[PDB]
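> Following this message is one structure expressed as structure tokens.
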Amino acid sequence: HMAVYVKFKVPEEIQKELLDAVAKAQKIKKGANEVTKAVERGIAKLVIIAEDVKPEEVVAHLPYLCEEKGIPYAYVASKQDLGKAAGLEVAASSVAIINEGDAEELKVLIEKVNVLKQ
């Protein structure tokens, strides 16, 4: 695979961690338009982007925006799965965690991602 917008590989074990962060979150934003607003306003603490978004242009601006705003981001395989972790019955291309369920887990998972992306 790897779409152009997928800038680093996130293995399955950290993908699960990401999904589980999303499911236990207290407040999220869902979908590219809401996610992009939340990064632009500086309320996202972590952005999670599906790898299988088509058209890819829906999410292709997100890694750049996140990097330019200092916001951590990473990937999961499935937008279906992402939408179910976010409490939906439809897919989500992207999720932003606004208020997380476990602070300490978020800070460990954000570092894990830093490392992946080096």
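Quick note on naming: the chains in the structure tokens go A, B, ... in the order shown, residues restart at 1 in each chain, and ligands are numbered from 1 in order of appearance.
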I'd like the neighbourhood of residue 91 (chain A) as a ChimeraX atom specification, where a residue qualifies if any of its atoms comes within 6 Å (using only C-alpha atoms), though same-chain residues fewer than 3 positions away should be ignored.
/A:79-80,83
> Those residues you just picked out, can you put them in a file as a PDB file, in the first residue's frame with N, CA, C and O atoms?

ATOM      1  N   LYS A  79     -10.457   2.802   7.961  1.00  0.00           N
ATOM      2  CA  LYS A  79     -11.445   3.780   8.342  1.00  0.00           C
ATOM      3  C   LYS A  79     -12.756   3.307   8.909  1.00  0.00           C
ATOM      4  O   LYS A  79     -13.350   3.921   9.700  1.00  0.00           O
ATOM      5  N   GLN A  80     -13.113   2.091   8.509  1.00  0.00           N
ATOM      6  CA  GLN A  80     -14.280   1.362   9.180  1.00  0.00           C
ATOM      7  C   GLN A  80     -14.000   1.216  10.639  1.00  0.00           C
ATOM      8  O   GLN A  80     -14.821   1.525  11.491  1.00  0.00           O
ATOM      9  N   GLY A  83     -13.910   4.516  12.544  1.00  0.00           N
ATOM     10  CA  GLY A  83     -15.274   4.967  12.862  1.00  0.00           C
ATOM     11  C   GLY A  83     -15.924   4.185  13.945  1.00  0.00           C
ATOM     12  O   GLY A  83     -16.537   4.775  14.898  1.00  0.00           O
TER      13      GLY A  83
END
> Just the residues within 6 Å of region 45-50 of chain A, please, counting only C-alpha atoms, with nothing from its chain fewer than 4 positions along; format it as a list in words.
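The neighbour list is residues 72, 73, 74, 75, 76, 77, 78, 79, 93, 94, 95, 96, 97 and 98 of chain A.
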> How would the residues just chosen look if you wrote them out with N, CA and C atoms as an mmCIF file, in the first residue's frame?

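Generated output (out13.cif):
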data_model
loop_
_atom_site.group_PDB
_atom_site.id
_atom_site.type_symbol
_atom_site.label_atom_id
_atom_site.label_comp_id
_atom_site.auth_asym_id
_atom_site.auth_seq_id
_atom_site.Cartn_x
_atom_site.Cartn_y
_atom_site.Cartn_z
ATOM 1 N N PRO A 72 0.867 15.820 17.410
ATOM 2 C CA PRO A 72 1.258 14.445 17.093
ATOM 3 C C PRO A 72 0.126 13.807 16.197
ATOM 4 N N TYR A 73 0.531 12.957 15.317
ATOM 5 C CA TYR A 73 -0.391 12.216 14.460
ATOM 6 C C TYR A 73 0.141 10.867 14.179
ATOM 7 N N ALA A 74 -0.673 9.931 13.884
ATOM 8 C CA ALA A 74 -0.353 8.581 13.391
ATOM 9 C C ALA A 74 -1.400 7.917 12.634
ATOM 10 N N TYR A 75 -1.334 6.634 12.353
ATOM 11 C CA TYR A 75 -2.221 5.999 11.323
ATOM 12 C C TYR A 75 -2.856 4.698 11.907
ATOM 13 N N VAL A 76 -3.980 4.331 11.412
ATOM 14 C CA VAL A 76 -4.544 2.960 11.572
ATOM 15 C C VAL A 76 -4.934 2.486 10.216
ATOM 16 N N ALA A 77 -5.033 1.158 10.013
ATOM 17 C CA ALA A 77 -5.317 0.622 8.765
ATOM 18 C C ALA A 77 -6.633 0.983 8.116
ATOM 19 N N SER A 78 -7.675 0.995 8.934
ATOM 20 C CA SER A 78 -9.088 0.937 8.513
ATOM 21 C C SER A 78 -9.939 2.113 8.900
ATOM 22 N N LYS A 79 -10.457 2.802 7.961
ATOM 23 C CA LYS A 79 -11.445 3.780 8.342
ATOM 24 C C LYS A 79 -12.756 3.307 8.909
ATOM 25 N N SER A 93 -12.439 8.873 8.364
ATOM 26 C CA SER A 93 -11.174 8.970 7.768
ATOM 27 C C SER A 93 -10.067 9.329 8.700
ATOM 28 N N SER A 94 -10.439 9.964 9.808
ATOM 29 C CA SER A 94 -9.576 10.664 10.733
ATOM 30 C C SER A 94 -10.343 10.936 12.033
ATOM 31 N N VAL A 95 -9.611 10.969 13.153
ATOM 32 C CA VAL A 95 -10.135 11.320 14.472
ATOM 33 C C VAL A 95 -9.113 12.198 15.135
ATOM 34 N N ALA A 96 -9.579 13.201 15.910
ATOM 35 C CA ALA A 96 -8.730 14.000 16.793
ATOM 36 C C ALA A 96 -9.234 13.727 18.219
ATOM 37 N N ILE A 97 -8.258 13.313 19.097
ATOM 38 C CA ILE A 97 -8.531 13.236 20.539
ATOM 39 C C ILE A 97 -8.441 14.641 21.144
ATOM 40 N N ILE A 98 -9.492 15.166 21.763
ATOM 41 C CA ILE A 98 -9.554 16.489 22.361
ATOM 42 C C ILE A 98 -9.359 16.353 23.856
#
> Tell me, as a ChimeraX atom specification, which residues lie within 10 Å of residue 112 (chain A), counting only C-alpha atoms; anything in the same chain fewer than 5 positions away does not count.
/A:10,14,106-107,117
> Next, write the just-selected residues to a file, as a short mmCIF file (atom, residue, chain, number, x, y, z; two decimals), in the first residue's frame, keeping N, CA and C atoms as the atom set.

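Okay, this is what ended up in out_30.cif:
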data_model
loop_
_atom_site.label_atom_id
_atom_site.label_comp_id
_atom_site.auth_asym_id
_atom_site.auth_seq_id
_atom_site.Cartn_x
_atom_site.Cartn_y
_atom_site.Cartn_z
N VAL A 10 3.12 2.38 10.88
CA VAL A 10 2.71 2.17 12.19
C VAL A 10 2.25 0.67 12.28
N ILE A 14 0.72 -0.97 17.61
CA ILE A 14 0.44 0.49 17.98
C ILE A 14 -0.87 0.90 17.37
N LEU A 106 -1.94 8.19 27.05
CA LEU A 106 -1.68 9.11 25.86
C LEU A 106 -0.26 9.55 25.79
N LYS A 107 0.38 10.00 26.89
CA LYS A 107 1.73 10.55 26.85
C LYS A 107 2.76 9.37 26.39
N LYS A 117 8.43 7.53 14.03
CA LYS A 117 8.55 8.40 12.97
C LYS A 117 9.97 8.90 12.83
#
> Against region 1-5 of chain A, which residues of region 32-90 of chain A fall within 10 Å? For each one I want the closest pair of atoms and the distance in Å (one decimal), counting only C-alpha atoms, rows by chain and increasing residue number, as JSON lines.

{"residue": "A:49", "atom": "CA", "partner": "A:5", "partner_atom": "CA", "distance": 9.5}
{"residue": "A:51", "atom": "CA", "partner": "A:3", "partner_atom": "CA", "distance": 7.1}
{"residue": "A:52", "atom": "CA", "partner": "A:3", "partner_atom": "CA", "distance": 8.0}
{"residue": "A:53", "atom": "CA", "partner": "A:3", "partner_atom": "CA", "distance": 9.0}
{"residue": "A:54", "atom": "CA", "partner": "A:3", "partner_atom": "CA", "distance": 9.8}
{"residue": "A:56", "atom": "CA", "partner": "A:5", "partner_atom": "CA", "distance": 7.4}
{"residue": "A:57", "atom": "CA", "partner": "A:5", "partner_atom": "CA", "distance": 8.7}
{"residue": "A:59", "atom": "CA", "partner": "A:5", "partner_atom": "CA", "distance": 7.5}
{"residue": "A:60", "atom": "CA", "partner": "A:5", "partner_atom": "CA", "distance": 5.1}
{"residue": "A:61", "atom": "CA", "partner": "A:5", "partner_atom": "CA", "distance": 7.9}
{"residue": "A:62", "atom": "CA", "partner": "A:5", "partner_atom": "CA", "distance": 8.2}
{"residue": "A:63", "atom": "CA", "partner": "A:5", "partner_atom": "CA", "distance": 7.2}
{"residue": "A:64", "atom": "CA", "partner": "A:5", "partner_atom": "CA", "distance": 9.2}
> Take the residues that were just selected and, keeping N, CA, C and O atoms, output them as a compact mmCIF listing (two decimals), in the first residue's frame.

# COMPACT_ATOMS: atom_id res chain seq x y z
N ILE A 49 -5.19 8.96 11.59
CA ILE A 49 -5.59 9.00 10.18
C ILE A 49 -5.65 7.57 9.62
O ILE A 49 -4.72 6.85 9.83
N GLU A 51 -5.48 4.65 6.83
CA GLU A 51 -4.63 4.48 5.66
C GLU A 51 -5.35 4.25 4.47
O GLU A 51 -4.74 4.30 3.37
N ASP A 52 -6.62 3.92 4.47
CA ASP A 52 -7.41 3.48 3.31
C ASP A 52 -8.48 4.41 2.86
O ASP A 52 -9.47 4.07 2.21
N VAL A 53 -8.21 5.73 2.99
CA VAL A 53 -9.12 6.83 2.60
C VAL A 53 -9.03 7.02 1.14
O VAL A 53 -7.90 7.16 0.59
N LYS A 54 -10.15 7.06 0.47
CA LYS A 54 -10.20 7.36 -1.01
C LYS A 54 -11.41 8.23 -1.22
O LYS A 54 -12.56 8.04 -0.66
N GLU A 56 -7.86 10.09 -1.65
CA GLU A 56 -6.79 10.39 -0.67
C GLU A 56 -6.74 11.78 -0.31
O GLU A 56 -6.37 12.18 0.87
N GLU A 57 -7.13 12.70 -1.18
CA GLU A 57 -7.25 14.19 -0.92
C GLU A 57 -8.10 14.49 0.25
O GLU A 57 -7.88 15.55 0.84
N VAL A 59 -7.83 13.35 3.23
CA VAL A 59 -6.89 13.46 4.38
C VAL A 59 -5.48 13.94 3.99
O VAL A 59 -4.66 14.04 4.91
N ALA A 60 -5.16 14.10 2.77
CA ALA A 60 -3.73 14.28 2.37
C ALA A 60 -3.15 15.49 2.89
O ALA A 60 -1.84 15.50 3.02
N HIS A 61 -3.86 16.50 3.35
CA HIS A 61 -3.33 17.75 3.93
C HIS A 61 -3.02 17.57 5.34
O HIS A 61 -2.37 18.43 5.96
N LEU A 62 -3.50 16.53 6.06
CA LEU A 62 -3.44 16.45 7.50
C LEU A 62 -2.00 16.30 8.00
O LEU A 62 -1.69 16.95 9.07
N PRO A 63 -1.17 15.41 7.48
CA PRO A 63 0.20 15.30 8.10
C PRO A 63 0.90 16.61 8.08
O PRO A 63 1.47 17.01 9.11
N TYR A 64 0.90 17.36 6.99
CA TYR A 64 1.53 18.66 6.92
C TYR A 64 0.98 19.59 7.93
O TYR A 64 1.70 20.34 8.67
> Do you know which residues are at most 8 Å from residue 36 (chain A) counting only C-alpha atoms, after dropping those on the same chain fewer than 4 positions away, and could you put them as a PyMOL selection string?
chain A and resi 32+40+62+65
> Between A:35, A:92, A:103, A:115, which is the closest to residue 19 (chain A) once you count only C-alpha atoms?
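Result for the nearest residue to residue 19 (chain A): A:92.
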